[PDB]
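Asker: Input structure: protein12.pdb, which contains PDB, C-alpha atoms and all ligand atoms.
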```pdb
ATOM      1  CA  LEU B   8       0.000   0.000   0.000
ATOM      2  CA  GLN B   9       1.011   3.562  -0.881
ATOM      3  CA  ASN B  10       0.626   7.025   0.682
ATOM      4  CA  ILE B  11      -0.345   5.703   4.104
ATOM      5  CA  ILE B  12      -1.878   7.912   6.822
ATOM      6  CA  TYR B  13      -1.739   6.525  10.375
ATOM      7  CA  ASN B  14      -4.119   7.471  13.220
ATOM      8  CA  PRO B  15      -5.765  10.495  11.555
ATOM      9  CA  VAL B  16      -7.989  12.810  13.598
ATOM     10  CA  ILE B  17     -11.712  12.558  12.736
ATOM     11  CA  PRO B  18     -13.049  14.626  11.048
ATOM     12  CA  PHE B  19     -10.411  13.820   8.430
ATOM     13  CA  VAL B  20     -10.192  15.692   5.108
ATOM     14  CA  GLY B  21      -7.298  14.619   2.854
ATOM     15  CA  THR B  22      -6.023  15.045  -0.679
ATOM     16  CA  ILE B  23      -5.938  11.778  -2.609
ATOM     17  CA  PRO B  24      -2.411  11.898  -4.128
ATOM     18  CA  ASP B  25      -3.193  10.200  -7.465
ATOM     19  CA  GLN B  26      -6.064   9.447  -9.818
ATOM     20  CA  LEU B  27      -8.736   6.873  -9.115
ATOM     21  CA  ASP B  28      -8.287   4.912 -12.356
ATOM     22  CA  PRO B  29      -9.982   1.494 -12.713
ATOM     23  CA  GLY B  30      -8.382  -1.044 -10.339
ATOM     24  CA  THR B  31      -7.401   1.576  -7.746
ATOM     25  CA  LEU B  32      -7.932   0.497  -4.114
ATOM     26  CA  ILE B  33      -8.623   2.716  -1.064
ATOM     27  CA  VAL B  34      -8.032   0.693   2.142
ATOM     28  CA  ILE B  35      -9.373   2.048   5.436
ATOM     29  CA  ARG B  36      -8.882   0.193   8.744
ATOM     30  CA  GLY B  37     -10.619   1.282  11.931
ATOM     31  CA  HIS B  38     -12.941   0.602  14.849
ATOM     32  CA  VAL B  39     -16.545   1.488  15.610
ATOM     33  CA  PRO B  40     -17.098   3.042  19.081
ATOM     34  CA  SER B  41     -19.809   1.785  21.418
ATOM     35  CA  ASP B  42     -21.983   4.920  21.011
ATOM     36  CA  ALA B  43     -21.821   5.150  17.199
ATOM     37  CA  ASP B  44     -25.032   6.027  15.407
ATOM     38  CA  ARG B  45     -23.305   6.558  12.041
ATOM     39  CA  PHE B  46     -20.107   7.393  10.182
ATOM     40  CA  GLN B  47     -19.245   8.120   6.583
ATOM     41  CA  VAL B  48     -16.525   7.935   4.014
ATOM     42  CA  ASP B  49     -16.912  10.609   1.309
ATOM     43  CA  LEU B  50     -15.052  10.611  -2.011
ATOM     44  CA  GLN B  51     -15.187  14.317  -2.839
ATOM     45  CA  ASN B  52     -14.504  16.748  -5.683
ATOM     46  CA  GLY B  53     -12.462  19.144  -3.527
ATOM     47  CA  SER B  54     -12.768  20.302   0.064
ATOM     48  CA  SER B  55     -15.062  23.344  -0.247
ATOM     49  CA  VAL B  56     -17.663  23.708   2.546
ATOM     50  CA  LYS B  57     -19.707  26.562   1.000
ATOM     51  CA  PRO B  58     -20.862  25.342  -1.460
ATOM     52  CA  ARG B  59     -20.425  21.863   0.083
ATOM     53  CA  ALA B  60     -18.022  19.880  -2.127
ATOM     54  CA  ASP B  61     -19.778  17.455  -4.483
ATOM     55  CA  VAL B  62     -19.592  13.922  -3.061
ATOM     56  CA  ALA B  63     -19.236  11.336  -5.797
ATOM     57  CA  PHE B  64     -19.601   8.441  -3.316
ATOM     58  CA  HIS B  65     -21.064   8.789   0.185
ATOM     59  CA  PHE B  66     -20.586   5.447   2.006
ATOM     60  CA  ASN B  67     -22.553   5.755   5.226
ATOM     61  CA  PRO B  68     -22.840   2.906   7.759
ATOM     62  CA  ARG B  69     -25.746   3.456  10.211
ATOM     63  CA  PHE B  70     -26.173   1.552  13.494
ATOM     64  CA  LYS B  71     -29.688   2.104  14.886
ATOM     65  CA  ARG B  72     -32.231  -0.719  14.951
ATOM     66  CA  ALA B  73     -30.880  -3.463  12.581
ATOM     67  CA  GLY B  74     -28.356  -1.137  10.900
ATOM     68  CA  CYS B  75     -27.618  -0.617   7.211
ATOM     69  CA  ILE B  76     -25.260   1.106   4.841
ATOM     70  CA  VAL B  77     -26.558   4.124   2.890
ATOM     71  CA  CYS B  78     -24.832   5.123  -0.327
ATOM     72  CA  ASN B  79     -25.599   8.336  -2.236
ATOM     73  CA  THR B  80     -24.143  11.201  -4.286
ATOM     74  CA  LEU B  81     -24.233  14.958  -3.520
ATOM     75  CA  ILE B  82     -24.262  17.371  -6.470
ATOM     76  CA  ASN B  83     -24.644  21.130  -5.809
ATOM     77  CA  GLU B  84     -25.765  20.433  -2.247
ATOM     78  CA  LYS B  85     -28.620  18.119  -3.264
ATOM     79  CA  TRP B  86     -28.649  14.423  -2.397
ATOM     80  CA  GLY B  87     -29.662  11.980  -5.130
ATOM     81  CA  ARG B  88     -31.562   8.727  -4.662
ATOM     82  CA  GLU B  89     -30.296   6.640  -1.742
ATOM     83  CA  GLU B  90     -29.047   3.099  -2.291
ATOM     84  CA  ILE B  91     -29.458   1.072   0.878
ATOM     85  CA  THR B  92     -27.661  -2.131   1.746
ATOM     86  CA  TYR B  93     -29.280  -4.089   4.615
ATOM     87  CA  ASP B  94     -26.750  -6.900   4.942
ATOM     88  CA  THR B  95     -24.238  -4.784   6.898
ATOM     89  CA  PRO B  96     -21.041  -6.223   8.370
ATOM     90  CA  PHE B  97     -20.308  -3.272  10.682
ATOM     91  CA  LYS B  98     -20.916  -3.456  14.419
ATOM     92  CA  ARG B  99     -20.330  -1.199  17.407
ATOM     93  CA  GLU B 100     -17.159  -2.089  19.349
ATOM     94  CA  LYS B 101     -15.728  -4.093  16.367
ATOM     95  CA  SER B 102     -12.746  -3.300  14.173
ATOM     96  CA  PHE B 103     -13.145  -3.336  10.390
ATOM     97  CA  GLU B 104     -11.331  -3.083   7.066
ATOM     98  CA  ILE B 105     -12.972  -1.317   4.135
ATOM     99  CA  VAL B 106     -11.604  -1.818   0.645
ATOM    100  CA  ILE B 107     -13.095   0.436  -2.042
ATOM    101  CA  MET B 108     -12.184  -0.701  -5.553
ATOM    102  CA  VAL B 109     -12.740   1.686  -8.437
ATOM    103  CA  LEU B 110     -14.012   0.030 -11.626
ATOM    104  CA  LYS B 111     -14.903   1.619 -14.960
ATOM    105  CA  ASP B 112     -18.650   2.029 -14.269
ATOM    106  CA  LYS B 113     -18.914   1.607 -10.497
ATOM    107  CA  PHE B 114     -17.379   1.278  -7.076
ATOM    108  CA  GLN B 115     -17.083  -2.137  -5.500
ATOM    109  CA  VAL B 116     -16.740  -2.321  -1.716
ATOM    110  CA  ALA B 117     -15.493  -5.248   0.363
ATOM    111  CA  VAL B 118     -15.571  -5.120   4.160
ATOM    112  CA  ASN B 119     -13.564  -7.592   6.299
ATOM    113  CA  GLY B 120     -12.578  -9.632   3.218
ATOM    114  CA  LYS B 121     -16.194 -10.093   1.976
ATOM    115  CA  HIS B 122     -18.047  -8.450  -0.917
ATOM    116  CA  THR B 123     -20.516  -5.876   0.423
ATOM    117  CA  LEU B 124     -21.910  -3.646  -2.312
ATOM    118  CA  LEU B 125     -21.651  -2.017  -5.741
ATOM    119  CA  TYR B 126     -22.364   1.682  -6.491
ATOM    120  CA  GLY B 127     -22.629   2.952 -10.075
ATOM    121  CA  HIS B 128     -20.705   6.144 -10.848
ATOM    122  CA  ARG B 129     -22.923   9.236 -10.910
ATOM    123  CA  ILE B 130     -19.994  11.677 -11.129
ATOM    124  CA  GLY B 131     -16.922  10.920 -13.201
ATOM    125  CA  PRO B 132     -14.317   9.368 -10.852
ATOM    126  CA  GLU B 133     -11.656  11.625 -12.478
ATOM    127  CA  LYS B 134     -13.295  14.486 -10.491
ATOM    128  CA  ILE B 135     -12.413  12.852  -7.175
ATOM    129  CA  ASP B 136      -9.375  14.211  -5.381
ATOM    130  CA  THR B 137     -10.432  14.333  -1.719
ATOM    131  CA  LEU B 138     -11.127  11.728   1.005
ATOM    132  CA  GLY B 139     -13.418  12.750   3.838
ATOM    133  CA  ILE B 140     -14.012  10.553   6.894
ATOM    134  CA  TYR B 141     -16.631  11.799   9.324
ATOM    135  CA  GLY B 142     -18.756  10.863  12.287
ATOM    136  CA  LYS B 143     -18.342   8.360  15.091
ATOM    137  CA  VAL B 144     -15.441   6.257  13.931
ATOM    138  CA  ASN B 145     -11.782   5.740  14.874
ATOM    139  CA  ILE B 146      -9.444   5.286  11.923
ATOM    140  CA  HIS B 147      -6.187   3.384  12.391
ATOM    141  CA  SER B 148      -4.894   3.638   8.846
ATOM    142  CA  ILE B 149      -5.610   4.826   5.297
ATOM    143  CA  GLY B 150      -3.661   3.520   2.272
ATOM    144  CA  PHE B 151      -4.023   3.395  -1.513
ATOM    145  CA  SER B 152      -3.118   1.081  -4.339
ATOM    146  CA  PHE B 153      -3.052   3.049  -7.571
ATOM    147  CA  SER B 154      -3.251   1.407 -11.032
TER     148      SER B 154
HETATM  149  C1  LIG H 201     -27.612  15.457   9.730
HETATM  150  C2  LIG H 201     -26.359  14.835   9.164
HETATM  151  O1  LIG H 201     -25.827  13.899   9.722
HETATM  152  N1  LIG H 201     -25.863  15.365   8.036
HETATM  153  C3  LIG H 201     -24.660  14.852   7.386
HETATM  154  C4  LIG H 201     -25.013  14.179   6.070
HETATM  155  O2  LIG H 201     -25.935  13.222   6.163
HETATM  156  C5  LIG H 201     -26.968  12.923   5.213
HETATM  157  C6  LIG H 201     -26.568  11.795   4.255
HETATM  158  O3  LIG H 201     -26.234  10.618   4.991
HETATM  159  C7  LIG H 201     -27.746  11.523   3.311
HETATM  160  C8  LIG H 201     -27.477  10.421   2.298
HETATM  161  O4  LIG H 201     -28.676  10.199   1.536
HETATM  162  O5  LIG H 201     -28.897  11.161   4.083
HETATM  163  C9  LIG H 201     -29.357  12.215   4.948
HETATM  164  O6  LIG H 201     -30.494  11.744   5.679
HETATM  165  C10 LIG H 201     -31.650  11.450   4.883
HETATM  166  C11 LIG H 201     -32.221  10.109   5.338
HETATM  167  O7  LIG H 201     -31.314   9.035   5.044
HETATM  168  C12 LIG H 201     -33.583   9.812   4.692
HETATM  169  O8  LIG H 201     -34.202   8.716   5.379
HETATM  170  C13 LIG H 201     -34.502  11.028   4.781
HETATM  171  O9  LIG H 201     -35.684  10.779   4.015
HETATM  172  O10 LIG H 201     -33.852  12.169   4.226
HETATM  173  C14 LIG H 201     -32.714  12.563   5.002
HETATM  174  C15 LIG H 201     -32.271  13.953   4.533
HETATM  175  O11 LIG H 201     -31.798  13.920   3.170
HETATM  176  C16 LIG H 201     -28.264  12.591   5.950
HETATM  177  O12 LIG H 201     -28.612  13.744   6.737
HETATM  178  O13 LIG H 201     -23.818  13.724   5.403
HETATM  179  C17 LIG H 201     -23.011  14.820   4.994
HETATM  180  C18 LIG H 201     -21.917  14.365   4.047
HETATM  181  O14 LIG H 201     -21.063  13.399   4.648
HETATM  182  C19 LIG H 201     -22.499  15.516   6.248
HETATM  183  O15 LIG H 201     -21.798  16.688   5.816
HETATM  184  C20 LIG H 201     -20.401  16.595   6.065
HETATM  185  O16 LIG H 201     -20.164  16.628   7.472
HETATM  186  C21 LIG H 201     -18.782  16.681   7.800
HETATM  187  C22 LIG H 201     -18.618  16.640   9.319
HETATM  188  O17 LIG H 201     -19.273  15.468   9.815
HETATM  189  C23 LIG H 201     -18.165  17.939   7.215
HETATM  190  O18 LIG H 201     -18.803  19.094   7.788
HETATM  191  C24 LIG H 201     -18.337  17.937   5.701
HETATM  192  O19 LIG H 201     -17.832  19.155   5.155
HETATM  193  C25 LIG H 201     -19.799  17.786   5.341
HETATM  194  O20 LIG H 201     -19.957  17.668   3.925
HETATM  195  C26 LIG H 201     -23.646  15.960   7.159
HETATM  196  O21 LIG H 201     -23.107  16.316   8.428
END
```
Now, as a test, write the supplied structure out as structure tokens.
Ligand SMILES: CC(=O)N[C@H]1[C@H](O[C@H]2[C@@H](O)[C@@H](CO)O[C@@H](O[C@H]3[C@H](O)[C@@H](O)[C@H](O)O[C@@H]3CO)[C@@H]2O)O[C@H](CO)[C@@H](O[C@@H]2O[C@H](CO)[C@H](O)[C@H](O)[C@H]2O)[C@@H]1O
Answerer:
Amino acid sequence: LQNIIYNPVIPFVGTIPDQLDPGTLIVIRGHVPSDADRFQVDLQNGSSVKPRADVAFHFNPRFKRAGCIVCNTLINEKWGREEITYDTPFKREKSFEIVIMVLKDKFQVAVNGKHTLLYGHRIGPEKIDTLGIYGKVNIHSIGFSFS
């Protein structure tokens, strides 16, 4: 793995140091605290906050009731149609590994070595240069594998 960040402070906002061409991996290892209601990983076009940077891929584990993962895209401060995954591997008080693989037409996400979800590109992945990690989560490491 390349361009590793260890023990970043959350909220984390970081420049992705190369392009997300097909085959590129983003590998995030961390732990979910006991009081977590949600956290999110955002693949952003920049780091503007007003207007809020467009979010090509919002990957949003939620923990209330049975839990789920919500995926969506933010374009000019408007959320698109949510894509919900109900078979969620995340749990409070458990460590995890997220691997986001960039493919031509979509993201593929594996968590803890197991396929979790697909998310079709809504924004060109060439527009992505910024990794945001927010909410109730502890991140141990971030690393990339560029293709
Ligand atoms: C209130 C809140 O937590 N806001 C977050 C924001 O969350 C939204 C996002 O998860 C979308 C995805 O579709 O869903 C929003 O909730 C919807 C419900 O899911 C749905 O059932 C209901 O019908 O409609 C709801 C409203 O649309 C949810 O609020 O996520 C963004 C982007 O990650 C957060 O903004 C980012 O926050 C960080 C700090 O945590 C920084 O400030 C970033 O700059 C900022 O972009 C926002 O806090």
Asker: Can you pull out the residues contacting residue B:92? Cut-off 9 Å, using all atoms listed in the file, and skip same-chain residues under 5 positions away; I want them as a short mmCIF file (atom, residue, chain, number, x, y, z; two decimals) with C-alpha atoms, in the coordinates of the input.
Answerer:
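And here's around17.cif as it stands now:
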```cif
data_model
loop_
_atom_site.label_atom_id
_atom_site.label_comp_id
_atom_site.auth_asym_id
_atom_site.auth_seq_id
_atom_site.Cartn_x
_atom_site.Cartn_y
_atom_site.Cartn_z
CA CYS B 75 -27.62 -0.62 7.21
CA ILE B 76 -25.26 1.11 4.84
CA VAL B 77 -26.56 4.12 2.89
CA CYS B 78 -24.83 5.12 -0.33
CA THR B 123 -20.52 -5.88 0.42
CA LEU B 124 -21.91 -3.65 -2.31
#
```
Asker: Counting all atoms listed in the file, what are the residues, protein, DNA or RNA alike, that approach ligand LIG 201 (chain H) to within 10 Å? I want them as a ChimeraX atom specification.
Answerer: /B:17-20,44-51,54-62,64-69,76-81,84-91,139-143
Asker: I need the chosen residues saved as a short mmCIF file (atom, residue, chain, number, x, y, z; two decimals), in the frame of the given file, with C-alpha atoms.
Answerer:
```
data_model
loop_
_atom_site.label_atom_id
_atom_site.label_comp_id
_atom_site.auth_asym_id
_atom_site.auth_seq_id
_atom_site.Cartn_x
_atom_site.Cartn_y
_atom_site.Cartn_z
CA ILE B 17 -11.71 12.56 12.74
CA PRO B 18 -13.05 14.63 11.05
CA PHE B 19 -10.41 13.82 8.43
CA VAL B 20 -10.19 15.69 5.11
CA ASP B 44 -25.03 6.03 15.41
CA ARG B 45 -23.30 6.56 12.04
CA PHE B 46 -20.11 7.39 10.18
CA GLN B 47 -19.24 8.12 6.58
CA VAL B 48 -16.52 7.94 4.01
CA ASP B 49 -16.91 10.61 1.31
CA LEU B 50 -15.05 10.61 -2.01
CA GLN B 51 -15.19 14.32 -2.84
CA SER B 54 -12.77 20.30 0.06
CA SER B 55 -15.06 23.34 -0.25
CA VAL B 56 -17.66 23.71 2.55
CA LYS B 57 -19.71 26.56 1.00
CA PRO B 58 -20.86 25.34 -1.46
CA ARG B 59 -20.42 21.86 0.08
CA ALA B 60 -18.02 19.88 -2.13
CA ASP B 61 -19.78 17.45 -4.48
CA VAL B 62 -19.59 13.92 -3.06
CA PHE B 64 -19.60 8.44 -3.32
CA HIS B 65 -21.06 8.79 0.18
CA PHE B 66 -20.59 5.45 2.01
CA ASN B 67 -22.55 5.76 5.23
CA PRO B 68 -22.84 2.91 7.76
CA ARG B 69 -25.75 3.46 10.21
CA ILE B 76 -25.26 1.11 4.84
CA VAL B 77 -26.56 4.12 2.89
CA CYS B 78 -24.83 5.12 -0.33
CA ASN B 79 -25.60 8.34 -2.24
CA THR B 80 -24.14 11.20 -4.29
CA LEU B 81 -24.23 14.96 -3.52
CA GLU B 84 -25.76 20.43 -2.25
CA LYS B 85 -28.62 18.12 -3.26
CA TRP B 86 -28.65 14.42 -2.40
CA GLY B 87 -29.66 11.98 -5.13
CA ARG B 88 -31.56 8.73 -4.66
CA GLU B 89 -30.30 6.64 -1.74
CA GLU B 90 -29.05 3.10 -2.29
CA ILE B 91 -29.46 1.07 0.88
CA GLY B 139 -13.42 12.75 3.84
CA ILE B 140 -14.01 10.55 6.89
CA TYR B 141 -16.63 11.80 9.32
CA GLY B 142 -18.76 10.86 12.29
CA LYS B 143 -18.34 8.36 15.09
#
```
Asker: Fewer than 2 positions away in the same chain doesn't count, so skip those; otherwise give me all residues within 6 Å of residue B:152, counting all atoms listed in the file, as a PDB file with C-alpha atoms, in the frame of the given file.
Answerer:
```pdb
ATOM      1  CA  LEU B   8       0.000   0.000   0.000  1.00  0.00           C
ATOM      2  CA  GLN B   9       1.011   3.562  -0.881  1.00  0.00           C
ATOM      3  CA  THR B  31      -7.401   1.576  -7.746  1.00  0.00           C
ATOM      4  CA  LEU B  32      -7.932   0.497  -4.114  1.00  0.00           C
TER       5      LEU B  32
END
```
Asker: Would you translate the PyMOL selection byres (((chain B and resi 28) around 10) and not hetatm) into the concrete set of residues it matches in this file, as a count of residues only?
Answerer: 15
Asker: So, with all atoms listed in the file as the atoms that count, which of B:97, B:144, B:121, B:73 lies closest to residue B:37?
Answerer: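 Closest candidate: B:144.
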Asker: Let me know the residues the PyMOL selection byres (((chain B and resi 96) around 8) and not hetatm) catches in the file above, as a list in words.
Answerer: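 Applying the PyMOL selection byres (((chain B and resi 96) around 8) and not hetatm) to the structure shown produces residues 94, 95, 97, 98, 118, 119 and 123 of chain B.
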Asker: Can you work out the spacing between atom CA of residue B:24 and atom CA of residue B:149 in Å, to one decimal?
Answerer: 12.2 Å
Asker: Here is a test: counting all atoms listed in the file, which residue of B:116, B:23, B:11, B:33 is nearest to residue B:135?
Answerer: B:23
Asker: Which residue, B:120, B:125, B:145, B:150, has the smallest gap to residue B:15 when you use all atoms listed in the file?
Answerer: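 Once distances to residue B:15 are computed over all atoms listed in the file, the minimum belongs to B:145.
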Asker: Of the candidates B:41, B:22, B:115, B:102, which one gets nearest to residue B:137 if we count all atoms listed in the file?
Answerer: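 Among the listed residues, B:22 lies closest to residue B:137.
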Asker: Between atom CA of residue B:126 and atom CA of residue B:74, what is the distance, to one decimal in Å?
Answerer: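 Taking atom CA of residue B:126 as the start and atom CA of residue B:74 as the end point, the length is 18.6 Å.
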Asker: Can you pull out the residues contacting residue B:39? Cut-off 6 Å, using all atoms listed in the file, and skip same-chain residues under 4 positions away; I want them as a list in words.
Answerer: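 Residues near the query, excluding close chain neighbours: residues 99, 100, 101 and 144 of chain B.
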Asker: Mind pulling up the distance from atom CA of residue B:93 to atom CA of residue B:107?
Answerer: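 These atoms are spaced 18.1 Å apart.
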Asker: Taking (-0.5, 7.8, 12.0) in the file's coordinates as the center, which residues reach within 10 Å of it, counting all atoms listed in the file, put as a list in words?
Answerer: residues 11, 12, 13, 14, 15, 16, 146, 147, 148 and 149 of chain B
Asker: Of the residues B:82, B:130, B:63, B:138, which is the one nearest to residue B:34, using all atoms listed in the file?
Answerer: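 Answer, going by the shortest atom-to-atom distance: B:138.
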Asker: With distances taken over all atoms listed in the file, which of B:127, B:113, B:53, B:43 is nearest to residue B:71?
Answerer: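 Once distances to residue B:71 are computed over all atoms listed in the file, the minimum belongs to B:43.
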Asker: Where atoms are absent from stretch 11-27 of chain B, fill them in so it carries N, CA, C and O atoms, then output it as a PDB file, in the coordinates of the input.
Answerer:
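Below is the file out_14.pdb, written as the result:
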```pdb
ATOM      1  N   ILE B  11       0.362   6.080   2.891  1.00  0.00           N
ATOM      2  CA  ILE B  11      -0.345   5.703   4.104  1.00  0.00           C
ATOM      3  C   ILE B  11      -0.446   6.859   5.106  1.00  0.00           C
ATOM      4  O   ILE B  11       0.520   7.593   5.334  1.00  0.00           O
ATOM      5  N   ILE B  12      -1.624   6.996   5.708  1.00  0.00           N
ATOM      6  CA  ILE B  12      -1.878   7.912   6.822  1.00  0.00           C
ATOM      7  C   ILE B  12      -2.248   7.048   8.026  1.00  0.00           C
ATOM      8  O   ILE B  12      -3.184   6.235   7.951  1.00  0.00           O
ATOM      9  N   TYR B  13      -1.529   7.252   9.125  1.00  0.00           N
ATOM     10  CA  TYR B  13      -1.739   6.525  10.375  1.00  0.00           C
ATOM     11  C   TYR B  13      -2.449   7.393  11.397  1.00  0.00           C
ATOM     12  O   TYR B  13      -2.091   8.544  11.580  1.00  0.00           O
ATOM     13  N   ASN B  14      -3.453   6.831  12.073  1.00  0.00           N
ATOM     14  CA  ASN B  14      -4.119   7.471  13.220  1.00  0.00           C
ATOM     15  C   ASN B  14      -4.573   8.916  12.945  1.00  0.00           C
ATOM     16  O   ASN B  14      -4.265   9.821  13.707  1.00  0.00           O
ATOM     17  N   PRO B  15      -5.298   9.138  11.845  1.00  0.00           N
ATOM     18  CA  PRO B  15      -5.765  10.495  11.555  1.00  0.00           C
ATOM     19  C   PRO B  15      -6.840  10.944  12.542  1.00  0.00           C
ATOM     20  O   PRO B  15      -7.565  10.103  13.091  1.00  0.00           O
ATOM     21  N   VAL B  16      -6.916  12.243  12.789  1.00  0.00           N
ATOM     22  CA  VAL B  16      -7.989  12.810  13.598  1.00  0.00           C
ATOM     23  C   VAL B  16      -9.269  12.845  12.759  1.00  0.00           C
ATOM     24  O   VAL B  16      -9.237  13.188  11.598  1.00  0.00           O
ATOM     25  N   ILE B  17     -10.393  12.470  13.366  1.00  0.00           N
ATOM     26  CA  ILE B  17     -11.712  12.558  12.736  1.00  0.00           C
ATOM     27  C   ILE B  17     -12.403  13.800  13.320  1.00  0.00           C
ATOM     28  O   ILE B  17     -12.516  13.886  14.541  1.00  0.00           O
ATOM     29  N   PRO B  18     -12.883  14.752  12.500  1.00  0.00           N
ATOM     30  CA  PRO B  18     -13.049  14.626  11.048  1.00  0.00           C
ATOM     31  C   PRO B  18     -11.752  14.755  10.249  1.00  0.00           C
ATOM     32  O   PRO B  18     -10.916  15.614  10.527  1.00  0.00           O
ATOM     33  N   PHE B  19     -11.583  13.858   9.282  1.00  0.00           N
ATOM     34  CA  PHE B  19     -10.411  13.820   8.430  1.00  0.00           C
ATOM     35  C   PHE B  19     -10.813  14.333   7.055  1.00  0.00           C
ATOM     36  O   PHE B  19     -11.841  13.921   6.527  1.00  0.00           O
ATOM     37  N   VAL B  20      -9.998  15.217   6.476  1.00  0.00           N
ATOM     38  CA  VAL B  20     -10.192  15.692   5.108  1.00  0.00           C
ATOM     39  C   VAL B  20      -8.831  15.706   4.428  1.00  0.00           C
ATOM     40  O   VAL B  20      -7.957  16.494   4.815  1.00  0.00           O
ATOM     41  N   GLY B  21      -8.639  14.838   3.433  1.00  0.00           N
ATOM     42  CA  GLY B  21      -7.298  14.619   2.854  1.00  0.00           C
ATOM     43  C   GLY B  21      -7.274  14.552   1.357  1.00  0.00           C
ATOM     44  O   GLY B  21      -8.214  14.033   0.737  1.00  0.00           O
ATOM     45  N   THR B  22      -6.203  15.090   0.763  1.00  0.00           N
ATOM     46  CA  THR B  22      -6.023  15.045  -0.679  1.00  0.00           C
ATOM     47  C   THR B  22      -5.587  13.648  -1.079  1.00  0.00           C
ATOM     48  O   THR B  22      -4.650  13.079  -0.492  1.00  0.00           O
ATOM     49  N   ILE B  23      -6.284  13.081  -2.058  1.00  0.00           N
ATOM     50  CA  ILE B  23      -5.938  11.778  -2.609  1.00  0.00           C
ATOM     51  C   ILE B  23      -4.807  12.040  -3.611  1.00  0.00           C
ATOM     52  O   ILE B  23      -5.013  12.773  -4.570  1.00  0.00           O
ATOM     53  N   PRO B  24      -3.608  11.458  -3.380  1.00  0.00           N
ATOM     54  CA  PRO B  24      -2.411  11.898  -4.128  1.00  0.00           C
ATOM     55  C   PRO B  24      -2.261  11.390  -5.587  1.00  0.00           C
ATOM     56  O   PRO B  24      -1.306  11.771  -6.282  1.00  0.00           O
ATOM     57  N   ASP B  25      -3.186  10.565  -6.062  1.00  0.00           N
ATOM     58  CA  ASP B  25      -3.193  10.200  -7.465  1.00  0.00           C
ATOM     59  C   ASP B  25      -4.618   9.946  -7.924  1.00  0.00           C
ATOM     60  O   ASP B  25      -5.563  10.048  -7.138  1.00  0.00           O
ATOM     61  N   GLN B  26      -4.764   9.660  -9.211  1.00  0.00           N
ATOM     62  CA  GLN B  26      -6.064   9.447  -9.818  1.00  0.00           C
ATOM     63  C   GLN B  26      -6.658   8.096  -9.447  1.00  0.00           C
ATOM     64  O   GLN B  26      -5.949   7.108  -9.250  1.00  0.00           O
ATOM     65  N   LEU B  27      -7.975   8.080  -9.357  1.00  0.00           N
ATOM     66  CA  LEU B  27      -8.736   6.873  -9.115  1.00  0.00           C
ATOM     67  C   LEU B  27      -9.111   6.195 -10.437  1.00  0.00           C
ATOM     68  O   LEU B  27     -10.283   6.176 -10.840  1.00  0.00           O
TER      69      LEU B  27
END
```
